[PDB]
Amino acid sequence: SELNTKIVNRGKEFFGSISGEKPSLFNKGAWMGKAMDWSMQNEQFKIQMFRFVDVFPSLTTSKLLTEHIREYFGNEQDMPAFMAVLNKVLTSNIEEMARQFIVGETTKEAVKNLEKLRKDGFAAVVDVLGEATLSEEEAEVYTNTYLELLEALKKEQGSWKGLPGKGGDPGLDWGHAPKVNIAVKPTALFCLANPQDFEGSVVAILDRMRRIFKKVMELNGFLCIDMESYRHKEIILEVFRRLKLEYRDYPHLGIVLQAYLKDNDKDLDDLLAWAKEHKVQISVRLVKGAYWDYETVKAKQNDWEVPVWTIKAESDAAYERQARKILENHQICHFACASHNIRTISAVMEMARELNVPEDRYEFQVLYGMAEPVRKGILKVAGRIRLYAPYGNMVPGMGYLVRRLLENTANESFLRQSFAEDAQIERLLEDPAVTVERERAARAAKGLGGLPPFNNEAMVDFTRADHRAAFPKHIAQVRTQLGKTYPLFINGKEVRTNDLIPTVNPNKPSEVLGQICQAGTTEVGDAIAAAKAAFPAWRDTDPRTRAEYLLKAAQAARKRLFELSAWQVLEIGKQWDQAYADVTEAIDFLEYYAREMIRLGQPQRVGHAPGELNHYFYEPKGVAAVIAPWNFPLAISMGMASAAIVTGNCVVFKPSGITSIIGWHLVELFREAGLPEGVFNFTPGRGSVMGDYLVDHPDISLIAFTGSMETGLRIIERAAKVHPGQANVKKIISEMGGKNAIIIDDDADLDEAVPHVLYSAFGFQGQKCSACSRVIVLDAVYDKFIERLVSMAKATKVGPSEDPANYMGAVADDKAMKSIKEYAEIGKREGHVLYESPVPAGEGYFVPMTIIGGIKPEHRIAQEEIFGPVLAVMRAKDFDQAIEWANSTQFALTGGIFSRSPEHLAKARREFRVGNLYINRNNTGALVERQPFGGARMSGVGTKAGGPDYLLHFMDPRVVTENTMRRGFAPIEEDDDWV
Amino acid sequence: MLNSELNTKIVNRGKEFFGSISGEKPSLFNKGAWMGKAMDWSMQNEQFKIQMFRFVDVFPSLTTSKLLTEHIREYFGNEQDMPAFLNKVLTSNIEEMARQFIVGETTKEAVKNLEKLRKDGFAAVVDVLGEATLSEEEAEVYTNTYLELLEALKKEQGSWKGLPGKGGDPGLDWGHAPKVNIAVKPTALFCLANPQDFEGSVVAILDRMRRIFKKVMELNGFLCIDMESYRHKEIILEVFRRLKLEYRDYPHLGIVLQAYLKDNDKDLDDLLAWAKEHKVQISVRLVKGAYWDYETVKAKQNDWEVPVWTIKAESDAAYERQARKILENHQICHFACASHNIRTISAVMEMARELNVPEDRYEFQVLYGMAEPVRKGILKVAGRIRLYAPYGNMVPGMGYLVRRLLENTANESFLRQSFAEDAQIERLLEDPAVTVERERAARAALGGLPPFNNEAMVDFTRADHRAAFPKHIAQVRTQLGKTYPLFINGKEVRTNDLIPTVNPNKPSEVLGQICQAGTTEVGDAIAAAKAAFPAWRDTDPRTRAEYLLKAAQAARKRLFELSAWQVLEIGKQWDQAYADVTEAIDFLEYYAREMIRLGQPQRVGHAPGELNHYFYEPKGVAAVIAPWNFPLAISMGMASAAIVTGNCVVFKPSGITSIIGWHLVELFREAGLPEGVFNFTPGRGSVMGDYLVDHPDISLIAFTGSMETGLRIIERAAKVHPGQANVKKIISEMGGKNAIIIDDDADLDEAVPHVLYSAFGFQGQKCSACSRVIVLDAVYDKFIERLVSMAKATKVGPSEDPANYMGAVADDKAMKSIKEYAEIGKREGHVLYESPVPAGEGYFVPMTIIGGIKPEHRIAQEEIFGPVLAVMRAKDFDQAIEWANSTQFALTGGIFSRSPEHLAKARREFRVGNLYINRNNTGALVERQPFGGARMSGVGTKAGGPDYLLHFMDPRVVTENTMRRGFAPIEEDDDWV
Ligand SMILES: Cc1cc2nc3c(=O)[nH]c(=O)nc-3n(C[C@H](O)[C@H](O)[C@H](O)COP(=O)(O)OP(=O)(O)OC[C@H]3O[C@@H](n4cnc5c(N)ncnc54)[C@H](O)[C@@H]3O)c2cc1C
Ligand SMILES: O=C(O)[C@@H]1CCCO1
Ligand SMILES: O=C(O)[C@@H]1CCCO1
């Protein structure tokens, strides 16, 4: 109460001394102020304006600029009044808004302007614009930019008089702070920063951070480590902890902690405890956090718990609480209050006074070019105020710029409420804990048939220590299970044959995982007869009961998630994330197709004529042959088999030879679920022995196939014949290849495009039907794009997938390795090799990560599916040729485009006619419901797994029509057209 | 108001009526009897009413102890689940209830009881139970029963004193009425009574009615012609008018008019005017009407205007207004008031007084066994009461029995309100005209397009519809002799290869010559469709749909004309021709709405920072290979489906219906369809058949025809040739070998004409036609006797003559092949019926029924596609289902059964694409019965349903990452915070 009254009064004095002055961004007399004002009034404009700011620096020609302006804002008559002559004026206004937030474009300019800040009474923390670097070379340039900055400041600082204080050392700012203070972003220091390779990322970042830190120490300066997105939070904490311990006696090292994270109370507490345990001192810059929108979207997309508070006052309350904790611990922890919020600043000031904290233990910081009246008020009241002063160019600084625009204009922004909305001061200065209680209470004021709605199973989350630790443990566990013989499974019984084929670790072929029995035509004949005998009872089973078996199987897989994943790492060479996502997709199919059968399972009345009932409903076809691929050995198999099973068919299942153990997991899961015998039959076998036999058989009514075009087309041809005794015309559900292109338009965001294209091309060694095998790059952006793509590629390592440090590993088997390598030779003769990775020496089916330029549509590697880590780079003269080239193959599965032109995106949506088109992201990793997968042309037959049309393909519709009139009367039904 | 004053008298008379009989209830409402209890719970519980009434209907066919016991449990549950109120007991109660409404089971017993009624002071009008006869012999039995009855009464009437009256002849009832009075039901006199053959029906009925009336006049009696369902109303009026004019001086001939008909105000005026014109007198029995539930349902099933009033008080108001009109005309029109309604009766009594009507001009009539206190009431006040006294067996009387039961228990029933509902007397006796206004005023309390409704079937109750066909057949004959060219890329292309098309019922009548496309022309059409495809694909789905709606309006305007062409070109009967055209219109209307439904991309998934849209794309060029049997409908269905989904079409019509194929050209042209979107290429299959199917630019084949051709196309289409963009999509409807199962408890009066239509409708030239009838052992001999007796009544001949049931088959080849099958069939089983055919030209095959057929027989397996019906004898219900499922087809099926267990088994196990319960297995309508099957009958595509258009397209997904530099637009359906 009493402290809170002091805080409120301090805040009132603050607003009083501000004298009504508005920060420049809220100055309606300025163009910037007008543009932000309209963005705040009109959400559609805000979206257009911020997106235009983002794309602006890549509008490097007059044509690009004129066209983009028209497409984002409309013609001159239809755009707002505050908005060729037009190109020049708008360019000037955007340029000036960007310069608003930086102290310079270069090191020498920054240094000049920093001395100007000192004369106005301001300290600085200098930052070089950049984040999320794309290569080792770029990380080196960023690093050397700091070294150059430090050399320059080293020369200058001796001539700088220390900013005024009340005591201490006259050569230091305010008597105590080092005059040179810099901030560094960890993700700018290493382009593959990923907690999936936790130690690898820590070391690579720490190594460059150390070089910078040594130079900082050399001039008695301060180094602060910025905090970035939640994905890197633990990595960054570890870098700080390690670096601190190597130089335990050096006081001027800081770390950012974000009060908007639910983790932060524990993290702050742990860090303080850690500092005590090691008897070192630390420094914390407490912020709220800059990535709120991003964290909420990212967690939502992956069914992760949202790592940030979601009521704005909760972050404010957390800040006051955590700042009090830091101030109390001022002996061990130096404090930088980083906030533009007058309530927050006032709370810190009164808490510090109440605890009599020495002034050398806390200072205040704000962002350069923002909240100008607040900055001046702090200078007047506290005296110790530091500006975060970045420098550099618009492209690497674009994230920063957009974050500032977002920060100032958000509905919940303290600055917007104060300086745009004329919000009441009492409300603004209210204790946010009160606000929290009131908001939470206001906020305290679906599925079908008892089932929760569909949601995709949450992705593995390597920000968690337990998830990181799970893989090595489960891989070892799997290693105790090697060397078994896997029999056929037919009508609930194991059937052994004497033709065994070993399955091996593609990254270590001498490691034999097991031996697989092969079915001959006799055993396949037996599986078909078993399925046919089980069919009548299974068909007569209630759809909701059939769905329940899928639900139980899903729960069985969920309880074995990491175990099932580890099997794939070893048997087929999946990377950890790839393995896990394979299993979660299996679970999704089970959960989704169960719900879909429940939805489609109730007969629907059709028509509304009285005296008549028509019910429309579906019947299964009979026995389904399911011929599964090796590249998604649990997901796609389970997808195809469970769809066929849930719709009332019985299945004869042929796993791919090299992933037959994963195929055995379907036996384990369906057994665990209690599935009646004969409904699922497991029959691996040699295609050359029983492949045609399975497909030609008269008792097969349906064939679900996922694999190569040559095989799919053969199956389609053979299946069309009706043999004697054959009950139905065979239904084909087929997913075949792709030759997938991603287009890189002139205006593409290259920082997004590059890592997305690399992942699309080389994720899982390129062994996906959706993989990017052609990247088609617009003439004017080509050299910039390919230099960055190649440079990022050179940073990646090729090696065993059980080691998370490797980006990709060996391909499926010896035949694939030989085939892919020959294609790379073919490609190297057609075009010109741009990159060819090292591979480890010794055993393993390794193919280099390979990038080839100069490719044209008439070349073999622009047409034929390689199914491996071979990327063709094609140079298009204009957007029209890029589309024509994207459409130049016989396939139409997936595709992508990086572009920020509304016109080019619309042209792409219309003409780039693949089954799944991706805009501004990778073209792989389709999720159930979100991205139903499949295409036409030579890529398939227009069936889409994971979508609402899929189960229909496994059934035939029936209608029963009843005349309900007997002797002149009929019951009246609710949906009848009557009188 | 004068009207307020007269109403006061009516209400006061009603009140005294109610007071005198106060206490007394009709037998049916006596809750102390079994009759009363069953009715009581029926009135309380609508679910029980349906069970009981349906049970009464099935009861007489429960002829063994097993059938009886099982049905009892199936209709009413187990011994503990059913109400307190065995087989021998329940049999006796239901039998007692049926006897409540009859004066006897035999003529002798009837005559005895009628004499007993006279001595109680009641006149009678005697009826022989029965309606909707199934044969000429049954019609003769019925006619002779009246004759036998009349001969008996001729002998008895001499000894009868007239019922007491006020003056006149003591030998006449009340001094003036003839002692003998019978009523006859017209539809009991002719098994094929149908306004489609209006003249033939009138004459057939008139000839038997005359034979009866002559006997009636011979004893100076009265003949009343009952009125039946709306379908036969005009026929019945015309029979009455003709008979009346033949015996213009004989006064004892009456007709019933139904006040529940909207037509009745006009019908009554016309009849009164017709009588004045001809200077005859008439007699009208005015009733409300007995077929209300039926007329309402039937009208709605066919998109016809409901012929009855639908607010109950509107019928009461109609009755009082029409009664007044009759009484005003008492000098020319004798009046029988037939109602159990005290308000209605009281109104007629005061009106007869107000208008000073002589007593010999009106009498009162009620139904035997009903409304006993109202009956006694009338006898006491008016004295002139006549009971409608039917006699006969329960099976032909079942319609009458169920109508009585419905009558007494209905919600709006006056009897129910008065004697079970304890309703306020003031509300019961209020002027129905006031009730009408109250009820009407009480009822006052997808994107521009009307919802889908099927196009109204032709309605031969209308004189204009009856006149339309001869007019339009004649108009079509003035346009014969033309040469029809190909239609490619908007241009007519002639070739030198011509095939003539002729009238199958008269092959010397050539309708035209058709140009045949060679492979060069087919190639050109395919090239044209391919060239038009990009722009058509990019045309908005709503815009595409608009062409179909325009084409529908074009056809709707040409309905009778388009029908006429089919009558002459492929031997369609009038109804069959019209139905073919309305189905085409339905497809157009339905597929337009479907494309509009499917045409919008839909967001899928709910993750923020992401938009996934799911939508459809056309395939490219579609080959449409159409059949002759449904020449406009199925052609238009496949073609418009392909076109509305953004494909372009190369269309090959069947050779013998090439002119109907040209109609598609005309309709799409009138709609303004872009050139090349639809191309018309008749040609010889042996020249361009495989060429069309094999062509690398074809992406989809829609085929409807024989299994053999269908399976060939599926084989060839599976190959991917050089330059072929897609795996070809097959949409295919092939044949069936369809069975109807006649269960032990089947209603044979429904089943027989339904089976006959199913098998011989359009000469059996439907993929849905019944070619096997599977009859349960114990009912076999009875079913076949009735089936054959009805068949023998039908005539085979030219479809342009509506008197004929069926006519010539499609062409010479069809004729030859069907005849070979008939001979094979005759060797396998035993012929039960083989109709005559006209001598002279025409592709005539006899209506043929063959017995002793088993599943191993060729005609039990192979689709004949002609008028040849196999009858098979199943030993029990399980073998029946087994046999139904014994072919390689699964298109349609039927079952006539009233057993919940057996119907349940059939729904589950009789796995055809379209299963029909208790009706014919043909005539599938758009939306109501989406049509198609699997096995060898098809590939699981159902034309006319909500899954069909999907087959003509491929789905596409666009996914957009909407986040830039850490922010994204929040969308409405985003999962968020
Ligand atoms: C001697 C005799 C002979 C008859 N002959 C024939 C005949 O040849 N053909 C024939 O069709 N009928 C005939 N009827 C009439 C029929 O059999 C019923 O007896 C009669 O319709 C019942 O009318 P009501 O005045 O007795 O009873 P009410 O309860 O007054 O009237 C019931 C009648 O109202 C009508 N009705 C019920 N619901 C509605 C509604 N929602 N909207 C509009 N109207 C409704 C029906 O016609 C129904 O029968 C005859 C009746 C008698 C007494
Ligand atoms: O990059 C950002 O947006 C914040 C502000 C300063 C550093 O971290
Ligand atoms: O058959 C019937 O239901 C009516 C009643 C009397 C005759 O016609």
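Below, chains carry the letters A, B, ... as their sequence lines are ordered, and counting in each starts from 1. The basis for the numbers below is simple: all heavy atoms, side chains too, and nothing from hydrogens, waters or symmetry mates.
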Stepwise side-chain contact (heavy atoms from CB on, under 4.5 Å) check, A:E929 with B:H606: CA-CA 9 Å; A:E929 188 171 75; B:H606 308 265; 4.2 Å; yes

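- Most heavy-atom pairs under 4.5 Å with chain B, from the set A:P957, A:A936, A:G611, A:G399: that is A:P957.
- At least one side-chain heavy atom of B:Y616 sits less than 4.5 Å from a side-chain heavy atom of A:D949.
- Counted within 6.0 Å of OH on A:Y294, heavy atoms from surrounding residues, nucleotides or ligands total 12 or fewer; the atom is thus considered open.
- Considering only heavy-atom pairs separated by less than 4.5 Å from chain B, the leading option among A:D303, A:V960, A:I732, A:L401 is A:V960.
- With a 4.5 angstrom heavy-atom cutoff, A:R539 touches chain B only via side-chain atoms.
- Side chains of A:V979 and B:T296 form a contact here, defined as non-hydrogen atoms less than 4.5 Å apart.
- Comparing B:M953, B:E617, B:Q724 by how many heavy-atom pairs each has under 4.5 Å with chain A, the most go to B:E617.
- A:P932 and B:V604 get closest at one heavy-atom pair: CD-CG2, 4.4 Å.
- From B:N612, atom CG reaches atom CG of A:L917 across 11.5 Å, with rounding to the nearest 0.5 Å.
- In terms of heavy atoms, A:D956 sits closest to B:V939 at OD1-O, 4.1 Å.
- Note on A:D540 versus B:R911: salt bridge recorded, some NZ/NE/NH1/NH2 to OD/OE distance being below 4.0 Å.
- Salt bridge present: A:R967 and B:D57 bring a charged side-chain N and a carboxylate O closer than 4.0 Å.
- Of all heavy-atom pairs spanning B:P608 and A:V297, the tightest one is O-CG1, 3.5 Å.
- The parts of B:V727 that come within reach of chain A are both its backbone and its side chain, each placing non-hydrogen atoms under 4.5 angstrom from that chain.
- With hydrogens and angles disregarded, no donor-acceptor distance shorter than 3.5 Å links the side chain of B:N914 to the backbone of A:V959.
- Chain B forms the most heavy-atom pairs under 4.5 Å with one residue out of A:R921, A:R443, A:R909, A:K298, and that residue is A:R909.
- The NZ atom of A:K730 lies 12.5 Å from the CD1 atom of B:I714; values are rounded to the nearest 0.5 Å.
- Using a 3.5 Å distance cut-off with no hydrogens or angles, the side chains of A:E612 and B:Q929 do pair a donor with an acceptor.
- Two residues are said to be in side-chain contact when any heavy atoms from C-beta on lie closer than 4.5 Å; A:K944 and B:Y614 meet this criterion.
- Of the two parts of B:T892, neither the backbone nor the side chain holds a non-hydrogen atom closer than 4.5 Å to a non-hydrogen atom of chain A.
- Using a 4.5 Å cut-off between heavy atoms, A:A290 does not touch chain B at all.
- Between chain B and the options A:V306, A:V55, A:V914, the largest number of non-hydrogen pairs under 4.5 Å is found for A:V914.
- A:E752 meets the side chain to side chain contact (heavy atoms under 4.5 Å, CB included) test with A:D749, A:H756, A:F898; sequence neighbours excluded.
- Neither the backbone nor the side chain of A:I897 comes within contact range of chain B; no heavy atoms are under 4.5 Å apart.
- The choice from A:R900, A:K731, A:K621, A:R403 that makes the most heavy-atom pairs within less than 4.5 Å of chain B is A:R900.
- When the candidates B:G894, B:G933, B:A725, B:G938 are compared by the number of heavy-atom contacts under 4.5 Å with chain A, B:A725 comes out ahead.
- Heavy-atom minimum distance, A:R51 versus B:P969: NH2-CD, 3.5 Å.
- Residue A:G607 comes nearest to B:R928 through the heavy atom pair CA-CG, 3.9 Å, listed as atom of the first residue, atom of the second, then distance.
- Panel note: side chain B:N918, backbone A:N963; no donor-acceptor pair is recorded below 3.5 Å.
- Contact between A:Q301 and B:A607 at its shortest, heavy atoms only, is CG-CB, 4.1 Å.
- A salt bridge links A:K300 with B:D975; the closest basic N to acidic carboxylate O contact falls under 4.0 Å.
- For residues 914-951 of chain A, the set of pairs meeting the ring-ring contact (aromatic ring centres under 6.0 Å, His included) definition, not counting sequence neighbours, comprises A:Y593-A:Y950, A:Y950-A:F954.
- Heavy atoms closer than 4.5 Å to chain B are found nowhere in A:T943, neither backbone nor side chain.
- One finds the CD1 atom of A:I972 at 9.0 Å from the CD atom of B:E46 (value rounded to the nearest 0.5 Å).
- B:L950 touches chain A through its side chain: at least one heavy atom from C-beta onward sits under 4.5 Å away, while N, CA, C and O do not.
- Between B:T959 and A:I919, the closest side-chain pair of non-hydrogen atoms is not below 4.5 Å.
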